[PDB]
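This report refers to the structure that appears directly beneath it.
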Amino acid sequence: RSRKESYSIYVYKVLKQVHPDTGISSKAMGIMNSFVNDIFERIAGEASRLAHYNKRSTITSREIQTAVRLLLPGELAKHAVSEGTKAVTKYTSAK
Amino acid sequence: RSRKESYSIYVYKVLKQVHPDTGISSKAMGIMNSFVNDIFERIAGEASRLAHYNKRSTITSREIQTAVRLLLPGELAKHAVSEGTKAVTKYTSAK
Amino acid sequence: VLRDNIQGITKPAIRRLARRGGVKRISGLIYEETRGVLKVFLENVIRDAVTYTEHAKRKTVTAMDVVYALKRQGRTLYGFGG
Amino acid sequence: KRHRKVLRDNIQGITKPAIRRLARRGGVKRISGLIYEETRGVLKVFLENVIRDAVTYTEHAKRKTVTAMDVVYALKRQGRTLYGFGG
Amino acid sequence: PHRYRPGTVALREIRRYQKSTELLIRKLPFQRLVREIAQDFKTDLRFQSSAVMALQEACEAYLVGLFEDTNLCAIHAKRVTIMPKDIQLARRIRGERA
Amino acid sequence: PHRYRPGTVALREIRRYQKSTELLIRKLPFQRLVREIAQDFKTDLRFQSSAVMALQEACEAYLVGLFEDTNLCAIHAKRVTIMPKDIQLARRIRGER
Amino acid sequence: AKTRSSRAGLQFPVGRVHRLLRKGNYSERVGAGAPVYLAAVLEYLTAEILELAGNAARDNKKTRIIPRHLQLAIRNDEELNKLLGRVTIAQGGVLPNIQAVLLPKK
Amino acid sequence: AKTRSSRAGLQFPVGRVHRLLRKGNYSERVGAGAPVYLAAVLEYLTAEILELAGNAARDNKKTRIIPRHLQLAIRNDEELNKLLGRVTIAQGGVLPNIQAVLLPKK
DNA sequence: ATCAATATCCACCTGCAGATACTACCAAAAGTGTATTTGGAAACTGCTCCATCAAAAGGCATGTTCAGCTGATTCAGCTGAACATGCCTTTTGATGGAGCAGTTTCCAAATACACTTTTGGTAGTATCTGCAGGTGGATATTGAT
DNA sequence: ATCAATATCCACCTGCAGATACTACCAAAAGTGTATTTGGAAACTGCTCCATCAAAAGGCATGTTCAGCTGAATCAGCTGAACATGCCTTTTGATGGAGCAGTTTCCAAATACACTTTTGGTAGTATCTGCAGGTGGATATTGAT
Ligand SMILES: [Mg+2]
C-alpha cells in the first residue's frame, strides 16, 4: 500500500525535453534513480561538512555551489554552477 | 585565546593506566587526537546513516553498537562491544 | 555425486567473466584462485548486509541491506533502490 | 604593495637526489633515469589536486590564508586522511 | 575435420561477452553459495530475490574488473596468460590485501 | 682506492631511510612549489606554515607509497629497476588513471 | 498556488528536495535558494546523461533506453566516467576493449 | 554530583561526547546510553593503540612515545593496520621491509 | 594464391513481457501569520605571516668509470585451447505460508528550561628530564686478493 | 680463507627544548531538578513474495591432441651506481610591519513553526507496442592446401 517516492518522473520529463521520441526501460529508470539519490547525498553531505567547518548552522546555495565545485570534474562542475545559479535568479525574479 | 579543546587528558590517563612509566610527545598526542576525532566521526556517521535507513530519529547505544560492528574489524569489534555494553550496563545501574 | 557449493562456480563461467574482462589465455590455477577471491568478496559484503538485517530485527536480507553494504565497501551499485 | 618575485619552474626544486631518497624509503634499489621527470609529473598532479580543494575551502571561508585545516579537509575528501595537524 | 587455432575462439568469446550484459554465472549455484556463506553469520535467513540479484551483479562486475587489471599485470610481465600471481598483484595494489 | 659494488650503497640507503622519518625533500623548494601552484589558482594567498608542512607530509607519504607499488610492478616483470611504465601500471590499478 | 519548481524553470521538485535536506540531518537550517540550486544541478546532470544515453540507443537502432545505453554513455564520457568512477551500473556490461598485444599477428 | 563518566567507569568524557553528538547533526535525538557506549569504544581503541605504542617505545629504548612508535604499532598489527589503512601518520615513516630478490647473492 | 568450413551480418516477421496511459484519491507541498535565529556590517585588536639580511653547511651539480642489469635471441618442453554430447544440474513455473509491512497504542525516555556547580583550558612563571647530537673507540661488513 | 677500508654500533656525557609542574582565574561546560513532549517497542495480522518442488530445459564434465606460450639460458651493449670534486642554496635566527584572522555588539533579514488549504505524485488499474528471438540467405573470416 504505502507510498514509495522516486524521481522516476521528473526524470521522464527531462527525457522528453531532451529526446521527445525516446523511451526508457524499468531497469534504466532504476539506475537513473540511484544516480539522483547518489549525487544528492554526495552534494548534501559535502555541503553539510562545509557549513559545520565554518560553524554555520545553515545550508545556503553557496554551500551547494562550493560542494558542486569540490565534487564534480571541470566542465561538468561548471555547466552545473551556471544552471544552478540561473535557477536561483529566475526563482528570485518571480513575484 | 578561545578555548580549543582536545582529548589530551583522557589520552594521558589511559596512557598512565597502561604504561605508568611512559610519556608522550605533543606531536604523538596530536596524532592521538586526530585518531579519536576520526573514529568518533566514522562511528557517529555510520550510526546516523543507520538510524536514517531505519526511519528512527534517535541514535541510541544500539545504533552505536551496530556502527561499531560495521566499522571495526573482528577482534577489535568484539572487544569494543564488550567495553561498550559493560559501560552502559554499569552506567544505567549507577543512578 | 556430491560437490562443494563454491565449485558450483564452474570453470566455464569463470572463463566467461575473464573474457568479458578481455583476457585471451588462462592458467589452470586461476579457477581455484578466483573462487577464493569471490568468496572473500561475498563474505565481506554479506557480513555487512546481514548486519543491517539484524539491526532491523528482520529475518529477511533485503535489496537495500545489500545496497547499503555495497556502498560502504566502496562498491556502490545502481539499480536496486537507494 | 611593491613587487614580489615571479615563481617559475619550481617543480625542479624536486631534485633527483630528493626523489631518489623517497624511492629508497619506498624500498627501491635501482632507478631508471626517466623516473625523475615522471615523478615530478605525478607529484605536480597530486599537489594541484589537493591545493585546488584546499583553496576552495579557503575561498568559501572568505579567508586569504590557507590553513592546516583547509589542507586536512582537502586530504580527507581525496581519501588521503592525515593525522597530526588538527581535526 | 575443421579446427580453429588456439586463440581464435578466445578472441571470438571476448568480442561476444563484451558486447552483452547478461550474467555469466548460473543462478542456482550462486544463490546456494550466498546462503552457505550467510548461514555462517546468522541461521535460518531468507533473501529477497532482488537482494540475490544485487549480489550477483556486484560480484560479476567486481570480477570482470579484477580480470581487466589482472590482464594488465600479465601483459606488464610480457605474458598473455593470466596467473594467480597477477591476481595477487592487482589486489595488492588496489589495497584489497597486503 | 676503495669501491662498493653497484647496489651496495643502494641497500644501505634503503635501510637508512626506512629507519628514519625526516622529510626527504628540502623545505624551501617544496614551499615555493606549493606557492607557485596555488598562485596559479588564486593570487594573493598566504599560508599557515603548518599548511605547508601538512602538504609536504602528505606528498612524501603519497610518493613513498607509490614507489612501493611501483617496485612491486618492476619485480613482477622480473626487473629490479623501476621504470615509468611501472609507475603507470601502479597508478592505473590504483584508479588514479 | 505556484510550485517553486515552475517559478524556478525546473522539472525537478524543489519542494521534495527542500524536505530531503531538512530530514537528512545535514544542518539545523536550510536557505531558500539551496533546494532550487540543488534541484537544478540534479536536473542538469540527469539531462546530460539522458542526452548521451539517448544518442547511444539511437546508434543501436533503438528507441527505449536500457541500462547498457547508460553504461556506454557514461564510460565513453571522460567527465561522467570520473564522476561515476566507483559506481556499478547494473546490467551495464563493459566497453569493447581488447589489448593490442592480444590481437592476432597473422 | 558524579560525572556520567565515573558513573560508567570511564576515563573518557561522556558529557563531551554527548555534546559532540548533538552539535554534529547526526540525528534529531540522542539516547542517554549512546555517548556512554561511544566514549567507551574510543577509550578502548586508545588504550589498545597506547599499549602497542608503549611497547614500541620500550623496544627502541625510549621513555617517550613519538609518532614513529604509533606508526610501528599500527602497521605491525593487522587490525589497526586495517582500521587505519587509508590514514597517514605524520612523521611516522614506514616499516623496514626490503623485497627478497633485491638482497645480494643467491 | 582457391576453396571449403563456418561464423557473422542483415532483412524481415510477430507475440507478449513490459512499456505507456489513465484515474482517482490523498499525503505533503504551498499559503498565511507570527515566533525565533543568524549572519553579518562596522570597529577593533594582537597575531601569525611575509619579507629580508647575513652567515654557514650541508647537500647539490657534474663528469668519469665500469659493474652488472636489461632486453635480444634462441629454443624445447609443458600446458592450456579446441574439440563433440548425454548426463545431469539448472531453469522454469506453480503453490502453501513465513514474516515484512500496515496500524494502533501508550509510557519510558527524550527534549526543554532555569538554576548550580565543576572542570578543562591557558597563561604566567618555574622547574625538570629525556634525548638529540657530539665524542672516541671497540665490533662488523665488504671487496680486493 | 686473510687482510684492509670503512661503515656500524653502542655506550657514556653536557646543553637544552620540550615536557611536565604548579598557580590561579574563570568562562564555559556539565550537572541537577522539574515541567513537557513523544518516538518507537509491542502487539496484532493482512497479504506479499519467498522457499519448495515437479517437469521442462540446455550447459557442462570429460579425455584427447598438439599449437604456441612460457621460462630457461646465453650474451652484447649500454645504463645507471658509485664517488670525487667544486661551490650554490638552503638552513637558521634574527627584526619590523601589516595584512588579516578572530571577537563583540546591535539588528534587519532570513528561516523555523503551528495551522489550513490546495494539489502533484503515487498505487492500482487499463491499454498499448518495442524488440527479443526466430528464420533465410548473403557475406565475411579463417584455415588448409
Ligand atoms: Mg605562475
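Keep in mind that the numbers below use all heavy atoms, side chains included, and drop hydrogens, waters and symmetry copies. Residue numbering restarts at 1 for every chain, and letters A, B, ... go by the order of the sequence lines.
Side-chain contact between D/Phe46 and F/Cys59 is present, with at least one heavy-atom pair separated by less than 4.5 Å. C/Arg75 has its side chain within reach of G/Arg86: a pair of non-hydrogen atoms, C-beta onward, lies under 4.5 Å apart. Side chains of G/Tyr26 and H/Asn25 form no contact here, defined as non-hydrogen atoms less than 4.5 Å apart.
Checked by atom type and distance alone, the side chain of C/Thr51 pairs as donor or acceptor with a backbone atom of C/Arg47 at under 3.5 Å. Not a single donor-acceptor pair under 3.5 Å links the side chain of B/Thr85 to the backbone N or O of B/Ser82. At least one donor-acceptor pair under 3.5 Å links the side chain of E/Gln48 to the backbone N or O of C/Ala63. With C/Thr60 contributing its side chain and E/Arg46 its backbone, the two residues share no donor-acceptor pair below 3.5 Å. Under the 3.5 Å distance criterion, the side-chain polar atoms of A/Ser48 are left unmatched by any main-chain donor or acceptor of A/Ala44.
Between B/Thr22 and B/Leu15 the shortest heavy-atom distance is O-CD2, 3.4 Å. Shortest non-hydrogen contact noted between B/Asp21 and B/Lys16 is C-NZ, 4.1 Å. Smallest separation of non-hydrogen atoms from G/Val14 and G/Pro35: O-CB, 3.7 Å.
With no hydrogens or angles considered, no side-chain donor-acceptor pair links H/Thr88 and F/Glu57 at under 3.5 Å. Judged purely by distance below 3.5 Å, without hydrogens or angles, the side chains of B/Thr89 and B/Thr92 never pair a donor atom with an acceptor atom. Inspection of the D/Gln78 and D/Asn49 side chains reveals no N or O donor paired with an N or O acceptor under 3.5 Å. Between the side chains of B/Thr58 and B/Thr60, not a single donor N or O lies within less than 3.5 Å of an accepting N or O. Between H/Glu43 and B/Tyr10, the side chains place no donor N or O within less than 3.5 Å of an acceptor N or O (distance only, hydrogens not considered).
Ion pairing of A/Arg49 with A/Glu63 is absent here, as no side-chain N (NZ or NE/NH1/NH2) approaches a carboxylate O to less than 4.0 Å. A salt bridge is defined here as a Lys NZ or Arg NE, NH1 or NH2 lying under 4.0 Å from an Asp or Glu carboxylate O, and C/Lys71 with A/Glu41 meets this definition. Ion pairing between C/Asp65 and C/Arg58 holds under the 4.0 Å rule for side-chain N and carboxylate O. Salt-bridge formation is detected for the pair G/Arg19/A/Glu5: a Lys NZ or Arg NE/NH1/NH2 atom is positioned less than 4.0 Å from an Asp or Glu carboxylate oxygen. In this structure, B/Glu75 pairs ionically with B/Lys78, as a charged nitrogen and a carboxylate oxygen lie closer than 4.0 Å.
From B/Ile31, atom CD1 reaches atom CZ of D/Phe85 across 9.0 Å, with rounding to the nearest 0.5 Å.
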Report task. Any chance you could lay out the salt bridge (charged side-chain N to carboxylate O under 4.0 Å, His left out) test for B/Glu46 and C/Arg72, step after step, and finish with the verdict? Result -> CA-CA 9 Å; B/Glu46 280 288 349; C/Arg72 68 181 308 282; 2.8 Å; yes
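Each of B/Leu76, B/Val68, B/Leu72 was evaluated against H/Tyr44; a single residue qualifies, B/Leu76, per the side chain to side chain contact (heavy atoms under 4.5 Å, CB included) test.
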